[PDB]
Amino acid sequence: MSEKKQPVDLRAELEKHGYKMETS
Amino acid sequence: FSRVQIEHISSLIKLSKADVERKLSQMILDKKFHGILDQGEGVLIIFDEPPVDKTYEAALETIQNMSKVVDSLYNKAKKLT
Amino acid sequence: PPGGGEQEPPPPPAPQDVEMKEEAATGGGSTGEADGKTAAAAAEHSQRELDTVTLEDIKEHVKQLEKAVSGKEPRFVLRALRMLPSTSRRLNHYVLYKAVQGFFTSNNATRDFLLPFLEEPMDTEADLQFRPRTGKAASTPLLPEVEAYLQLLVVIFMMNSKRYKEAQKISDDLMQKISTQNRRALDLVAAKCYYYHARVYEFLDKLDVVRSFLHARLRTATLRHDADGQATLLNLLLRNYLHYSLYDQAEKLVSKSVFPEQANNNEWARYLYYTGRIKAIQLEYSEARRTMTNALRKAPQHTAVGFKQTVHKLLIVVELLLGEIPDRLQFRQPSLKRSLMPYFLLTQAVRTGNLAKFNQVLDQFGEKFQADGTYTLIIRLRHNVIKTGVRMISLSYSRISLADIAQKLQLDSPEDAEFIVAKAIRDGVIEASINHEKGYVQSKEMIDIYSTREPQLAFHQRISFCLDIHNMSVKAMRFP
Amino acid sequence: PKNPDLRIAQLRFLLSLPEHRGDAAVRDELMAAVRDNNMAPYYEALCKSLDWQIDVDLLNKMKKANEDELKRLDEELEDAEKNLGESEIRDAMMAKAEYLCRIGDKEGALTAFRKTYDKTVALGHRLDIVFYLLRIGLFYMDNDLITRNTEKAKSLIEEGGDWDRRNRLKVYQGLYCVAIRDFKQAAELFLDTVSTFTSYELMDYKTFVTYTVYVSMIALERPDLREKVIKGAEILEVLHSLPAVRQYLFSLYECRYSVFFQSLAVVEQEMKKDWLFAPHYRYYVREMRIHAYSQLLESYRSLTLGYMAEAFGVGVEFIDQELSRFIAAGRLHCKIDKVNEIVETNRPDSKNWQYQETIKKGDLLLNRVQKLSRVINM
Amino acid sequence: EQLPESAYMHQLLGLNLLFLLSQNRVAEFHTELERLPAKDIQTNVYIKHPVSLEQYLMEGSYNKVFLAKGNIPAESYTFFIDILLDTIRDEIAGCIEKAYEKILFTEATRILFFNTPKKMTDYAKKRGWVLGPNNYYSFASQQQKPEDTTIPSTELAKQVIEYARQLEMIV
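Chains as they are written, first to last, in PDB author numbering: chain e, 1 to 9, 56 to 70; chain X, 342 to 422; chain V, 18 to 497; chain Y, 12 to 389; chain d, 87 to 257.
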């Protein structure tokens, strides 16, 4: 300004989704 | 007829209920057939509320009116610096 | 040695010109602007003085020492003199001292000579017409000098400028009469050195003696010169009163008024950041999010530097307490980024419904929480995790058992499972219905309504009251 | 004059992101470094990849002999300008200095581009220049200079008409639209498919086939998807050669969900190892979730999850946590009921969202005018 | 500000703050600790109990609060937590319904706990709501079914009545 205030201071997923099949 | 049972409408089309449910739902996928079926009781119901027109007008105005105030950002922030 | 010795002459001529003609053209021009028109005010050299002061606040200021023409202090501070036709001879005496400074050493060092100098305008007796010219001729050396922070023997000289400003304050309580068209520029200049009151007093401890003195000045400007005076003095109040307890939350209630008109420009926006943290202490999140957003969105153009980034930092704090926040990593600047780096993972932990993710953020970033000053809401946000966590899973899951959801809701016993959703409807979260036996939470939704009435009916008064104000502006700006 | 250095840039992507390749990526980098006599490229590769051992006199005498090949051309320009033949002079120094700039960075490139800009009277050589900015913009992944050369070339090409090189530009702008996120313009501009055949600037044609078939499954409608792949006569064979993507195309239409994440695993594995696809896969995957689940729910308004669990293997309790956690993310929001065995789709959102754009856009709209209103005057 | 340090100088803020927030005041907590953060951060922190207690008020508790009613810092302040309990009990009945859906009986025995207290009769009357056998209902229905039909249409007319008056003010 310079006046006033300022000058003061489930993933993506790849692996897990493919694993859901062979899990159960 | 909007509301109809699936078994006797498959009797009018002379086809099995498996590919009647999947083809009709495929017609809903194409949006040309307005309605939906019901698998639990074997029902098919047609309903529609076509017009979006007012929302099209609204969106067309305001979405561009964003860039309008962006265009006014050039002039009205130029007098500052 | 020859290079550094011959590079001393080049720098001074630039302050010898612009720093000489800045208060000569603006201050001397404001003299003719203060003789007539009077319209009513304007006094466009007051805002031009703001441009010159903000220009000095970066480069080069004046002193310090710099060992370049320290005779600029006695130049404008002496030789009114005295009545206007006699002042014209002194207007030639500034050129006379330009030749005297162009011949001899030109008194490149003042230092302890400020004692007779600063008291020379009181030796003239007097200017006598323009107090802003006397206050500015003394302060313009001293006010940029506060940026040196030498803290030896010149701090009481800044206090002498504060006493000269107190003589400006007594004259701010008297004449008037009538339309002291120069007191708006006195509101401008004094607000500056009232913030220099803040800085110089903050060199040791709080200014509390000047809190009763500020209340003396803020109340004596009531109701006459409060315009543009009360706004800056209220920020002078609110800033350090936000640093030192107490009662300012209820004090600004009875203080308002508003206080209209908002001046100048970003002053009201930063005030809505100051009182924005205030109104955020009451925790009502619609008024807090609107006062925090309107604080940052209303502030052009910067630089400098990081406090305009600080209002954006604390802005979305109330949005974290709302329960829904976007990921702000795309809004990071080259500076604001490195400042908020802990606050990044904080709002990322607010988006997620995980408890350990948010608690680990608290334990690790607690040091940065001490730097910002916002603490108390970090522990209660766990209730925002249980409400957003249940908003998540309920709408998410078809029918969820109270034992399976008990992992993310961390208790979710067969009893409190009723209240989690029920008391969320009290807060307007989720409509999920639960028949409790084992049990299981079956979440459905049917709502078709609203999105209509209040938006369009308010837009009527919004647009109309707006264009009415734009009328009050354009219709009144046609004086030329 | 592209694919040799195009593979070098692909080797930069093979070195950069994955940290688990320490052998093949540096090997074929040196195999491509000993040819084309690159200098500045192997400096950036020297900081990123291994620092050797020793290069020094090897590539310094190669840059010395190439300097002799550089100084034979740069000392022929004053001997060639001794005679006069309009182009019979500067066309040699514009193309070979770009080959001398192919030795490094942007310098000879950009200085020859604006050099020859005032000479060539034909658009073919101007578009060849455009090809040089596009390859040098592809190596450094800089999208700033790839827009300007094409914007100036198309006006001369579309004045106008072309067959081959117009399809070439469609591949370029398709590679730029897929460099950033554009789903529709990539497949729409790649609709030419086999008409581009194979070119040195189009690199491997099979990779281009994978580029258009991977991007045509997102923003393209399901009837339009099968209209592209199945009804397309020329594209069907080149997508049939690779069963990986063809299996994903015909199974997506087959609606079977038991092969999806395995076929998507092969598709995503190809998505990870290809450049410029790294930022865009995170949305691409969850988009394929809501893509395949959009036709899952649309079958029936009220669906019995027992019928869903009939052939899944196994979807009894899996679709509960799977679809739910995808609903919580914001993908395919719906209200489903259990022990009543009702999956209710929904929610059309034909009331709130219909009128929401007014107040939504009007919020920031009237906000942005509130700024400019209350700022001035004072 | 400088005074000899007193033992109760710290907790007089926090224990009064305990009763302050645990009576469900979400504002006065922030402005009570808004003096300066430093004195609150150092040590002797009683702050964790009330805030989590309030999270257990909308949880609600009852259960975890009764377990927190066994462990209190406390200290020496009793009749504050007595009215604190009273303002908790009545505000649970105020924050429950309207509107909540159908639930069973023995979990409404879990609502007010005890075994079969007379407070469950006081609320089942006050709520109203419904008293069902072995169940409870929100009928009927959900509730009162706001339409709103043409009741807003009158003020809709009035809206542009004085707005066209503002249109004539331009004109």
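All C-beta atoms in this analysis are idealised placements derived from N, C-alpha and C, irrespective of residue type, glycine included.
Quiz item: Around the Cβ of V45/Y, are there at least 16 other Cβ atoms within 10 angstroms (buried) or fewer (exposed)?
Solution: exposed
Quiz item: With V322/V and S352/V assumed to form a contact (beta carbons below 8 Å), what rounded beta-carbon distance in angstroms separates them?
Solution: 7 Å
Quiz item: CB-CB under 6 Å to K80/V, same chain, minus the five flanking residues each way: which ones, in chain order?
Solution: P158, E162
Self-check item: Three-state secondary structure assigned by DSSP to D234/d
Solution: coil
Practice problem: Identify the continuous alpha helix (DSSP H) that holds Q273/Y and give its terminal residues. | Solution: 271-283
Practice problem: Spell out whether any CB of chain X is found under 8 Å from the CB atom of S227/Y. | Solution: no
Quiz item: Is there contact here, the segment 212-219 of chain d with the segment 467-481 of chain V, by at least three beta-carbon pairs under 8 Å?
Solution: no
Self-check item: Euclidean distance between Cα positions of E177/d and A441/V
Solution: 14 Å
Quiz item: From the beta carbon of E384/V, is the nearest beta carbon of chain e less than 8 Å away?
Solution: no
Quiz item: Any beta-carbon of chain V closer than 8 Å to the one on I191/Y?
Solution: no
Quiz item: Run through DSSP, which three-state label would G135/Y get?
Solution: helix
Quiz item: Pairing CB atoms from the segment 347-354 of chain Y with CB atoms from the segment 308-327 of chain Y, are three or more of them under 8 Å?
Solution: yes
Quiz prompt | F147/V versus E241/d: straight-line alpha-carbon distance, rounded | solution = 58 Å
Exercise. Could you say which of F348/V, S47/V, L224/V lies nearest to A59/V if we only look at CA atoms?
Key: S47/V
Quiz prompt | As assigned by DSSP and simplified to three states, the class of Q228/d | solution = coil
Quiz item: What in chain e is Cβ-close to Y292/Y, meaning under 9 Å?
Solution: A58, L60
Quiz prompt | C-beta contact flag for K455/V and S418/V at 8 Å | solution = yes
Exercise. Using a cut-off of 8 Å between C-beta atoms, extract the partners of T292/V located in chain e.
Key: Residues of chain e passing the Cβ test: none, with the nearest at roughly 13 Å.
Self-check item: Enclosing alpha helix (DSSP H) for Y304/Y [first to last residue]
Solution: 292-308
Quiz item: By a C-beta neighbour count over all protein chains shown, 10 Å radius and 16 as the cutoff for buried, is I195/V buried or exposed?
Solution: exposed
Quiz item: Using a C-beta cutoff of 8 Å, does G148/Y count as contacting chain X?
Solution: no
Quiz item: According to the neighbour-count rule (16 or more other Cβ atoms, all chains shown, within 10 Å of its Cβ), is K395/X buried or exposed?
Solution: exposed
Self-check item: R345/V in three-state terms, based on DSSP
Solution: coil
Quiz item: For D204/V, does the count of other Cβ atoms within 10 angstroms reach 16, so buried, or fall short, so exposed?
Solution: buried
Practice problem: Would you verify that the beta carbon of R196/d is, or is not, closer than 8 Å to some beta carbon of chain V? | Solution: yes
Quiz item: How long is the line joining the alpha carbons of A434/V and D348/Y, rounded to whole angstroms?
Solution: 18 Å
Quiz prompt | Start-end ranges of the alpha helix (DSSP H) lying completely within the segment 60-96 of chain Y, minimum 4 residues | solution = 68-85, 88-91
Exercise. On the DSSP bridge assignment, give the partners of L378/X in chain order.
Key: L385/X
Quiz item: For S262/V versus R213/d, is the C-beta distance shorter than 8 Å?
Solution: no
Exercise. Could you name the residues of the same chain whose beta carbon sits closer than 7 Å to that of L106/d, not counting the 5 residues immediately before and after it, in chain order?
Key: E114, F115, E118
Quiz prompt | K223/V: first and last residue of the uninterrupted alpha helix (DSSP H) it sits in | solution = Unbroken run through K223/V: none, as it is neither H nor E.
Practice problem: Classify residue 500/V as helix, strand or coil using the three-state DSSP reduction. | Solution: There is simply no residue 500/V to check, as chain V begins at 18 and stops at 497 in what is shown.
Quiz item: Is there at least one Cβ from chain e nearer than 8 Å to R267/Y's Cβ?
Solution: no
Quiz item: Taking any Cβ of chain Y, which residues in the segment 343-372 of chain X have a Cβ under 8 Å from it, in chain order?
Solution: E362, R363, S366, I369, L370, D371
Self-check item: Interface positions of the segment 396-418 of chain V facing chain d (Cβ-Cβ less than 7 Å), listed along the chain
Solution: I396, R397, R399, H400, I403
Quiz item: Would you say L426/V and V407/V are within 8 Å of each other, going by their C-beta atoms?
Solution: yes
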